[PDB]
Amino acid sequence: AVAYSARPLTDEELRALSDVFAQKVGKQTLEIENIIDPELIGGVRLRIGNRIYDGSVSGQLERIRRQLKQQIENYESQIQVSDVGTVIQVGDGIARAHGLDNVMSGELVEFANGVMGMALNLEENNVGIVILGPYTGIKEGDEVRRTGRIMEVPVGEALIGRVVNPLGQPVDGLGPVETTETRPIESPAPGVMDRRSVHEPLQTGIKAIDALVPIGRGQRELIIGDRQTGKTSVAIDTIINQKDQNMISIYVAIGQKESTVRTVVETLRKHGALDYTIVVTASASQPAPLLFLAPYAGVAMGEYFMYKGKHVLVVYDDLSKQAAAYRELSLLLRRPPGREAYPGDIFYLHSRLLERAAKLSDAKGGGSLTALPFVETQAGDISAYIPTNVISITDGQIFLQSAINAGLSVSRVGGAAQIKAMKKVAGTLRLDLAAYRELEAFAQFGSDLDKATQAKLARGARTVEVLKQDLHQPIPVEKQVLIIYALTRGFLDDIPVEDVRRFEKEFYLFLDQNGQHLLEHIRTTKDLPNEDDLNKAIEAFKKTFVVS
Amino acid sequence: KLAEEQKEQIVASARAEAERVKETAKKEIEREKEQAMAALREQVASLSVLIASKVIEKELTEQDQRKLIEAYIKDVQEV
Amino acid sequence: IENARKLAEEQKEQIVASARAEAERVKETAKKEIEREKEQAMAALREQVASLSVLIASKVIXXXXXXXXXXXXXXXXX
Amino acid sequence: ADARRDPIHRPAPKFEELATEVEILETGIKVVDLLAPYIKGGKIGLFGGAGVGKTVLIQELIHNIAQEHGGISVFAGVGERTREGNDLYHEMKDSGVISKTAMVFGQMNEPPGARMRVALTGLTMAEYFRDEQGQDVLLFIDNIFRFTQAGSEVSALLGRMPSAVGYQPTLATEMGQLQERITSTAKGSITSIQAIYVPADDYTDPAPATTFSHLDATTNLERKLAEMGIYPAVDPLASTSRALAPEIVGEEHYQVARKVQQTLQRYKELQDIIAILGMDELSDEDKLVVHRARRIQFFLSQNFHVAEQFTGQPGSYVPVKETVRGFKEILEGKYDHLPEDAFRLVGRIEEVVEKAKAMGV
Amino acid sequence: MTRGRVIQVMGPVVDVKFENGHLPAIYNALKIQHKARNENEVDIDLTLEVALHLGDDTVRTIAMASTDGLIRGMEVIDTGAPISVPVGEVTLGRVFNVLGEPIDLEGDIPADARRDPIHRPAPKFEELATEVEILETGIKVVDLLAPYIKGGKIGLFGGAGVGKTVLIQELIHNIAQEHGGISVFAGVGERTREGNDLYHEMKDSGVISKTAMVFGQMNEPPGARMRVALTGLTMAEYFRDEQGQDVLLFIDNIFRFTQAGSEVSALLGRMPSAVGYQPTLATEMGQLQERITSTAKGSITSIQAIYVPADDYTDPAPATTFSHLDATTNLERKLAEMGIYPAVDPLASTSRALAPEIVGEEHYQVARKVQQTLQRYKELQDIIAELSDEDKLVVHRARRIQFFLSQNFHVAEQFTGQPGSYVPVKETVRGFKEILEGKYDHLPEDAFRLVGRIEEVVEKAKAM
Ligand SMILES: Nc1ncnc2c1ncn2[C@@H]1O[C@H](COP(=O)(O)OP(=O)(O)O)[C@@H](O)[C@H]1O
Ligand SMILES: [Mg+2]
Ligand SMILES: [Mg+2]
């Protein structure tokens, strides 16, 4: 009960104010200890308990707050009130404060410096705060005030084509982001009676994935491999290929290098993929609290579009760095570690996040959200703790070898998420790939009957040469299915294996020239065209081909 | 034939890249203008704050004491 | 074929360089114009800011007070 | 609001009420019928790692059994994928097993407190039928490991000193308090089939090791067998049943199963020396052992009804006597000339003969 | 006023009590300077770094030197800023410690110089370079098979007796002579004998006029060896930002940095992570390595020596440091035993810049062809020690290719006599392409030894 005033107030006025506040608060009597602080010349600033009622000098600073007629003639000044606390501990990124009586769990608090934090534990006379930012400006004795909102991020269409951090603050320097809505970071998943089976294909543009491990809209597929196997390239090619499809892509980078993020954004801008992409970033030099909220910010941004009937795709560039950041944060709070020093709820941390991807029913609107988590292994060990934690959450996996490993890469939902034209030709290709894969195991040095000597080796070698691809050059599904159909039907068997790539390039050129009816029939029907016409076109191309 | 088509494709891609660069430069100029206007507004606001503070200091506080008491009573009633 | 591709690439690179240089020249002209406009608007909107400051102080709380405030603002600027 | 309601927590049945007897339940799976048959009133467990085939086996068993049971069934899903429950609900609604089934769902996205106390709700629902109408009840549990995992997550914040590997001090007590209410008393019976998860493919973890002691028949799935394409991936030597006795299943069945296990163990002993030296440094009897063991290991696989959408084959069902006959013929060297690949993914041995015939031999 | 007082002393860890609302910020520097009042005391000159705010006006700090002789109640001064080291042209040719005081007995830096704080946030997203460039070292094998990238990270897997301190001097010399850059060498956990040897080597070969040196010794408290790399980093950042040069930074062992961090974390009472490391291993590594970038002004390129514990490449420390590296370079003994200098392994060395979209298409193809030929020659060793038709030609070309990778350096001149050369990337690519085509198949194999461009081998053959 202390007042700051420009001049020493009359004792009668002090008594009247004290009685008024005693009646208002709920106390029989109240006494005010007025001060002689001269800086506040505008009026009186009261501090009772942990509540503050401002004076008039702050209004001038509030004038700067009202930077925004002529400001409605400086608009109007009102007695703003706030609930406050004081810091009693700070170190390693976790604070601890007194006060903050009526604070909620998960709320957002603001330090006097300008940084934000989460209210984590509400103890009997304490609040545990996690600092989302630089903690070297916070010292014991500082003041922290409430915001009255659970954690949330800004959402909208103004975020498209921008680079932001997990709190929605732009980092590309193009100016403020003008959104008008928010969504909580922690939100429930769709229920059992809100979903439906996946029945639409998501085209990556890569032949090996589109033919062997198909992905549907609303699925959760995992991409797993060692470092230096190039999964960022797969993500970038998949994002680039969605130019024509009505899809919104979101790219989340966790624990990466900011230079590589810069070059990835430059690659995206070249191919015109920033008209439908949002980038959320938290580099390796940022605090662990920020490295751990980024996937949740990304999914919160995606669900805004998903719950309107639109289709979204979200990429988490590394979940194995989110896990390490969470382990670091939880070990600083002195929680008993489990296997590999990971906490007990490291499975919950990922299962609560990947269960927000769904294919909604037609009563809910019909939207979707696809997810592509990344996990990085050590020496190709797929039976570690985190890899097995995430393998048991998703609907398949794609194992990259230090080149997809078809012995461990599978897709459950896919198969019904494929077009009929590719479903007709994928089976033969799978059998040929298996035939070569097992044959080469023993036939490295050994004579075989002509069957296993040619049909089991040359066909596999040709298909392995066909499955290769180049960077940032995705392929349409019609061309994909046509080349796979030719290979499975039997052409290329008299073409040298050193010329298949040029054969395919020239075949695409011939198609784009004089195969308009074939391509349009495929694009319109989602079924193979007439076999006689296809064979005639392939024979014409083979006749015009100059075999080397 | 195919070589000339590839040359035309390269020319078209270069033209698209140049147009994107031109649009980026125009957007940069617009952003610079917006930032300059914002900075001018900020300087005007700071000068207004300083001059208003000086004027309010020069103003008589004899009635301002009663005004502050009345405003405090009103805020007590409101809260 | 290779010679034609190289010629097309060289012409495309020359066109890109010319477009970038023209954009840089336009940027220099725009920067000069924006600086001149910033200075002129600084003077004009500084007079306007003094007037609006007198108005804001009056609103928070005639000609003679405005003149005194203008003199004080000039002294502060000096 | 006026319907009768029962509390979730109650003590277990006493010693003077249980009933002990062994009858055999038929599933139509060769590796299960032969080497580890199921009991008609006990507890059955399916251990597995991540992505090895617990869910497919659960769905196949549901499809085969729940209709033949003709009684009541309860399905409780704790800590599993929500899309799996959505698929299962519609599959049951299409097949018609609903109107004699009750379902309870607490899944991956729920807080630990909900995942802890969901198995108890299905348990109460089944106990009502058993102890009030004298019926025979089936009980399926989607993953019983999540119950102890959620308990471990809670115990840390409750303020307890951690046990080995970070688990809770009260793992065995909670597991026993849950698992001792699933019994068959003098009134009715409760046949419970449970799927158990193995973290990091470690079978010596505290939770699988503790749960191993409550089971009458167990089924262990291994990733190495699944990597070779063998499906289901049941390990034929580490899966056990208390009903594999000469007086319960018969005398021919017992001898056939024992001989098959013996040949598989002998083949397992010779893996390292084959790996380093090769097959050329073995005696004739050892080569014969390998020749029959590869055929047996491939003939333990099968094609399932619920796996048709993956591969294409319609699916198969084999009674016990046919399985015993087929393995007896295999052990006798009757089919030693056919290629080893003709034995994969077939129902019976006549299908093996047909597949070899269509292969050009 | 703003005076603290010592409360507790437990080895290298100290606690200081301050006044209300006057505590120093985290990472600040505090000074103790005491003169013996009586015969029962000693003189103290100590520096401490703030680590935690424990509450009740108490701050827990780590010490940069020995704490023997501290008495509870001695005054402590709060400087108001982190450790500040001198920067500019005054640091070229001198040797410093973690506090920025010279240790070469050549005088003191004047008190009116400019000093910069040790702790700083990384450069922002909008200030980085949008493209990828290539650093031309001038060494044939490095420039052809494992190219360097401006603003990149390189791991040197060398050792003792393979010629590492000669390669470092050659890099310093070449960069300074051709590009105009400056070099900084930071030795973390350095033996004093080896530091003395390196200093005398650099003074002999003359490069000392272009490089700054910082030493954090093996006999220093864990706090000192944890913050040595930051002093070299902030010495290089001045030349990067203020001038706009392309700067080189050498780190003598990045493993001792993590070990010192783990020791400090254990001293402060923290729960250890997997394999007993600090919980904040990745955060500390990232805070060090994210300041080594290429901005729009200049660039810092870092070469770091890495030791792999227990020969385990999946250990947490090498696994954490390998996710920042852009290239590697391995030195091997037997390549030195054949008289090949530098003894860089041409097949173990890798780089992510060897892609057709960065180095073009001719460079890429020539590099791959050289690698395949060398791999085949390596395969044929068992047979060799008339086998086939093309294998003789393969061996004939491969001997010349393997010998042409050697070079004469400007720092080996003082021992050999030859002037030493600097070979551009276009010239080395053209020479290797011509050798591959066979245009120089009619010369003795010894002519291809310790020369520069492809004309010098022809001249050597002509004169021999
Ligand atoms: N009986 C089976 N036949 C064929 N494939 C199977 C069988 N069981 C599992 N699979 C393979 O395993 C994958 C599904 O594994 P799943 O059972 O979901 O793992 P989990 O053990 O986590 O339930 C499918 O893609 C399928 O290819
Ligand atoms: Mg990655
Ligand atoms: Mg399961």
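Order of the sequence lines fixes the chain letters, A, B, ..., with proteins taken first and strands second; residue numbering starts at 1 for each chain.
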With the side chain counted from C-beta on, respond yes when [X] and [Y] share a heavy-atom pair under 4.5 Å apart, and no when they do not.
X	Y	answer
A:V171	E:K124	no
A:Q89	E:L54	no
E:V59	A:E140	no

Answer with side chain, backbone, both or neither: which region of [X] has an atom nearer than 4.5 Å to a non-hydrogen atom of chain A?
X	result
E:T314	both
E:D326	side chain
E:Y27	side chain
E:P121	neither
E:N28	neither
E:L23	both
E:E290	side chain
E:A25	both

OG on E:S323 to CD on A:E376, rounded to 0.5 Å: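 These two atoms lie 7.5 Å from each other.
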Could you tell me the separation between the CG atom of A:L332 and the OG1 atom of E:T280, rounded to the nearest 0.5 Å?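 Going from the CG atom of A:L332 to the OG1 atom of E:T280 covers 7.0 Å.
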Nearest non-hydrogen partners of [X] and [Y], listed with the distance:
X	Y	answer
A:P337	E:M271	CD-SD, 4.2 Å
A:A284	E:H324	CB-NE2, 4.3 Å
E:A274	A:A341	N-CB, 3.7 Å

Test side-chain contact (heavy atoms from CB on, under 4.5 Å) on A:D92 and E:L52; report intermediate values, then the result. CA-CA 8 Å; A:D92 278 328; E:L52 304 152; 4.1 Å; yes
Residues 224-233 of chain A: residues contacting chain E (heavy atom under 4.5 Å, by number):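 Those residues of residues 224-233 of chain A which have a heavy atom under 4.5 Å from chain E are A:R227.
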Taking 4.5 Å as the heavy-atom cut-off, does anything in residues 323-331 of chain A contact chain E, and if so which residues?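 A:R327, A:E328, A:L331 fall under the 4.5 Å cut-off.
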Within a 6.0 Å radius of atom CG on A:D470, are there more than 12 heavy atoms belonging to other residues, nucleotides or ligands?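 Atom CG in A:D470 is packed in, count exceeds 12.
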Do other residues, nucleotides or ligands put more than 12 heavy atoms under 6.0 Å from the NE2 atom of A:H98?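 Counting other residues, nucleotides and ligands, NE2 of A:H98 stays at 12 neighbours or fewer.
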Could you tell me which of A:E340, A:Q256, A:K257 has the largest number of non-hydrogen atom pairs under 4.5 Å with chain E?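 Sorted descending by pairs with chain E, the first entry is A:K257.
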Winner by heavy-atom pair count (cut-off under 4.5 Å) against chain E, out of A:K321, A:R335, A:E258: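 Greatest number of close heavy-atom pairs with chain E: A:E258.
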I'd like to know if the side chain of A:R262 and the backbone of E:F125 have a donor-acceptor N/O pair within less than 3.5 Å.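 Present.
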Which one wins on heavy-atom pair count under 4.5 Å against chain A: E:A282, E:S273, E:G21?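 Among E:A282, E:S273, E:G21, the one with the most close pairs to chain A is E:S273.
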Verdict with reasoning, E:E126 to A:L174, per side-chain contact (heavy atoms from CB on, under 4.5 Å): CA-CA 9 Å; E:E126 58 192 310; A:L174 302 186; over 6 Å; no
